[PDB]
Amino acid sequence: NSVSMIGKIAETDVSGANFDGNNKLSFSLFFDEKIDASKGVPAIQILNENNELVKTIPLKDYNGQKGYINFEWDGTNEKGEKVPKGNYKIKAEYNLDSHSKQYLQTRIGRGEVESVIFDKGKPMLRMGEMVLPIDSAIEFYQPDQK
């Protein structure tokens, strides 16, 4: 019933994407700030269901971009071997801070709510390319802060 979520940042309980075993995986990450590639070494990490690192994708080339960015993963590990099918957790680190010596973080399944869609007549959140049910949302806050 409420569309007050629109324009908020939503954190959802969807943190992984499915790799079928052969086909590429398109996925989207939301960056709250423009990526600055001089601030540490920004990168995406792809982890398996046991939180073991399977793949790292450098974010260097995305210097200057913010908001939702679309990526692809060929489903290979760091050697180039295609990994077992299943759910992979995708996260990212970017913009290392001088003082805290820590990176900003993001991950699949969070970002600005761009629209609310009513699906007969169930509410869905549009977040970049993802469309997610309301009850998957665990937290909301305003952009730029918190």
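The numbering used is simple: start at 1 and walk along the sequence shown.
K.L.:
Which has the higher mean CA temperature factor in the PDB entry, 58-66 or 74-82?
P.N.:
The deposited B-factors put 74-82 ahead on the C-alpha mean.
K.L.:
Between 44-52 and 104-112, which has the larger average Cα B-factor in the PDB entry?
P.N.:
Mean B over CA atoms: larger for 44-52.
K.L.:
Can you tell me which of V14, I9, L125, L25 has the maximum CA B-factor listed in the PDB entry?
P.N.:
If I rank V14, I9, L125, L25 by C-alpha B-factor, first place goes to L25.
K.L.:
Based on the deposited C-alpha B factors for this chain, I'd like to know if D119 is in the lowest, middle or highest third.
P.N.:
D119: CA B-factor falls in the highest third of its chain.
K.L.:
For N87, does the deposited CA B-factor place it in the lowest, middle or highest third of the chain?
P.N.:
Within its chain, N87 is a highest-third residue by C-alpha B-factor, going by the deposited values.
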